[PDB]
């Protein structure tokens, strides 16, 4: 029994019919589905010990606070943070990136300072640093792709100079499925005195992530892509860096004392957590971490390797299909997703027909990476993305359905 066929039972949502067909869900890169264990944890919180956290004294509040802070610890060890106080809870990675931009960026960046991105960056890792640029006078340096449709590592290294103060790049690309050598990027950046923000949204759900091994200064991720609930995500930041940073959001809970004239602030991470947090959601994210850890991130990543290659191979075997990004090898690792287009056909037509006639769920669009599509020469692409609850059977059904969809639209010549 493959991993997918073993865990499929845990995910109630996959066991239904859509538009007359068995659902085939291949959009996990937009968001993941949740196992019973996570939903149980969420229900058990609300039904048995919901109360506001910290300084609540009474039994339910003490239990709520315990589990809440315990979930912070679970996330901390998942990414191997040295200290749980280096984990700050946000709504999503987007907010987490904004926290760094507002609190650290507006506080450390001067006119002339350089921030390095790639053209394959997600919008949440472009727009905040655009606004920081417009406020501070800092300049954005973009790393174009090479012949293998991945960010050019020597071009990136060339861009690292004493003017560089920040490198904000993806660990894994949500479109190209390519990875960056973060650990060595961090060394080159640190040699110059620059900080590295890692957009780890597509790596944390799918492979082992070690922030100490990476030595990254900031790392961001979203719960909803890693079998956890919507409405929570997290920011990792080195303790020393967080202690240096001013508050982002202000108000209740993040303060030490409040006077009419001024207020004093708590230390991280409470400094950056203003008002009542996503308590039940944090606790269920903890459960998602327990669930993923129970399977084993090595087991998951190795499985995604096999089904990802299988998806790449079968998709690429169709004529007129172009898959963006690198070709799989033992030197080039790919995430378990393919962004593609079919000659003469619009990806929205593909996605629509796949869903309506075959119950297959993919997405069409720029996938929040419009500049990348521009550099590739298109406005949109189709994307099939897997998680460990997908199977080879899912890929086969998708390929059959896609071949039928292509045949349909081409029949009109």
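Residue numbers count along the first chain shown, from 1.
K.L.:
Return whichever of 224-232 and 89-97 has the greater mean Cα B factor according to the PDB record.
P.N.:
In the deposited entry, the stretch with the higher C-alpha B-factor mean is 89-97.
K.L.:
Give the stretch, out of 308-316 and 104-112, with the larger mean C-alpha temperature factor in the deposited entry.
P.N.:
The recorded data point to 104-112.
K.L.:
Between 144, 263, 341, 276, where does the Cα B-factor run highest in the record?
P.N.:
In this record, 144 carries the highest C-alpha B-factor of the candidates.
K.L.:
Can you tell me which of 139, 283, 300, 211 has the maximum CA B-factor listed in the PDB entry?
P.N.:
If I rank 139, 283, 300, 211 by C-alpha B-factor, first place goes to 139.
K.L.:
Can you tell me which third, lowest, middle or highest, the CA B-factor of residue 293 falls into for its chain?
P.N.:
It belongs to the lowest third of the chain when residues are ordered by C-alpha B-factor.
K.L.:
Please place residue 376 in the lowest, middle or highest third of its chain by C-alpha B factor as given in the entry.
P.N.:
According to the entry, residue 376 has a C-alpha B-factor in the chain's highest third.
K.L.:
Please place residue 248 in the lowest, middle or highest third of its chain according to the CA B-factor in the PDB entry.
P.N.:
Answer is middle: the recorded C-alpha B-factor places it there.
K.L.:
Sorting the chain's modelled residues by C-alpha B-factor, tell me whether residue 76 ends up in the lowest, middle or highest third.
P.N.:
Middle third by C-alpha B-factor.
K.L.:
Looking at the temperature factor on the CA atom of residue 166, which third of the chain's modelled residues does it land in?
P.N.:
Highest third, going by the recorded CA B-factors of the chain.
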